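Position 1 is the first residue of the sequence; numbering continues from there. Side chains are part of it too, since the values below use all heavy atoms of this structure and drop only hydrogens, waters and symmetry mates. We count ligands from 1, going down the list as the structure has it; atoms in each ligand are counted the same way.
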Amino acid sequence: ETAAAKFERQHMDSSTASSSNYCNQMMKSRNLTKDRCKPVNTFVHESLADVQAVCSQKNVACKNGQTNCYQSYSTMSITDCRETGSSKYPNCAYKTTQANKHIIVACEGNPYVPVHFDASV
Ligand SMILES: Nc1ncnc2c1ncn2[C@@H]1O[C@H](C(=O)NS(=O)(=O)C[C@H]2[C@@H](O)[C@H](n3ccc(=O)[nH]c3=O)O[C@@H]2CO)[C@@H](O)[C@H]1O
């Protein structure tokens with residue numbers, strides 16, 4: 001799996017919504033609960049073209065100190081998945097929360113594409 005492909009699997013769910021069951025099902029189907037319960041994960045509902053375009057938008061500092069992060073000029077429809085208190089592997093359990101926020105992604109490679117989801121603001 002390429003880094004670009006991993007980003008698409010972990011963070012992209014293009015749709016033009018999310019039920020209380022959404023994260024429980026999506027974290028499983030996208031193979032994010034295979035080894036452990038991933039505590040926090042965000043899905044983005046805008047088009048792949050729109051998210052890829054963020055790599056040419058506002059340059060901002062990455063949480064890790066690198067300079068290859070970019071913030072979206074427009075807000076984007078997203079869903080945050082957060083592990084519940086009662087959640088126990090292999091039965092990982094999640095709270096589903098919809099939001100409309102600017103996203104921050106890290107980009108790499110040629111083509112220069114998103115490889116990491118840094119934050120929403
Ligand atoms: N500039 C870079 N350029 C290139 N690569 C970079 C760069 N920076 C990191 N990586 C890489 O990413 C890898 C990854 O393991 N780091 S991770 O912070 O823990 C991933 C998290 C984050 O996606 C997720 N989260 C978080 C908030 C939110 O709203 N939504 C949401 O989904 O939760 C995860 C845990 O935080 C690491 O191996 C490192 O090499």
Out of curiosity, [X] [atom1] to [Y] [atom2], how far, rounded to the nearest 0.5 Å?
{"X": "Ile78", "Y": "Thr97", "atom1": "CD1", "atom2": "OG1", "answer": "9.5 Å"}
{"X": "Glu46", "Y": "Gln52", "atom1": "CD", "atom2": "CD", "answer": "13.5 Å"}
{"X": "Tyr22", "Y": "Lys95", "atom1": "OH", "atom2": "NZ", "answer": "14.5 Å"}
{"X": "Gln57", "Y": "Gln71", "atom1": "CD", "atom2": "CD", "answer": "10.0 Å"}

Look only at interatomic distance and state if [X] has a nitrogen or oxygen under 3.5 Å from any nitrogen or oxygen of ligand 1.
{"X": "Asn68", "value": "yes"}
{"X": "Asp118", "value": "no"}
{"X": "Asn64", "value": "yes"}
{"X": "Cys69", "value": "no"}

Taking 4.0 angstrom as the limit and counting only heavy atoms of [X], give me the atoms of ligand 1 inside it, by number and element.
{"X": "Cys62", "answer": "1 (N)"}
{"X": "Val40", "answer": "24 (C), 32 (O), 33 (O)"}
{"X": "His11", "answer": "23 (O), 32 (O)"}
{"X": "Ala106", "answer": "1 (N), 2 (C), 3 (N)"}

Hey, is [atom] touched by any protein heavy atom at less than 4.0 Å?
{"atom": "atom 40 (O) of ligand 1", "answer": "no"}
{"atom": "atom 7 (C) of ligand 1", "answer": "yes"}
{"atom": "atom 37 (C) of ligand 1", "answer": "no"}
{"atom": "atom 19 (O) of ligand 1", "answer": "no"}
{"atom": "atom 15 (O) of ligand 1", "answer": "no"}
{"atom": "atom 30 (N) of ligand 1", "answer": "yes"}

I'd like to know if the side chain of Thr79 pairs up with that of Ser18 as donor and acceptor (distance under 3.5 Å, no hydrogens or angles considered).
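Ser18 and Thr79 do have a side-chain donor-acceptor pair below 3.5 Å.
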Can you check side-chain contact (heavy atoms from CB on, under 4.5 Å) on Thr75 and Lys101, steps first, answer last?
CA-CA 5 Å; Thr75 63; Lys101 283 177 179 174; 5.7 Å; no
side-chain contact (heavy atoms from CB on, under 4.5 Å) between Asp13 and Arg30, intermediate numbers included
CA-CA 10 Å; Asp13 186 23; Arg30 297 295 188 86; 3.9 Å; yes
Locate the shortest heavy-atom distance separating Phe43 from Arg9; write the atom from each residue and the value.
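Looking at all heavy atoms of both residues, the shortest contact is CE2-O, 4.1 Å.
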Sub-2.5 Å SG contact, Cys62 and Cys69:
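In this structure, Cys62 and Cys69 share a disulfide.
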Identity and separation of the nearest protein heavy atom to atom 22 (C) of ligand 1:
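In this structure, atom 22 (C) of ligand 1 has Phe117 O, 3.4 Å as its nearest protein heavy atom.
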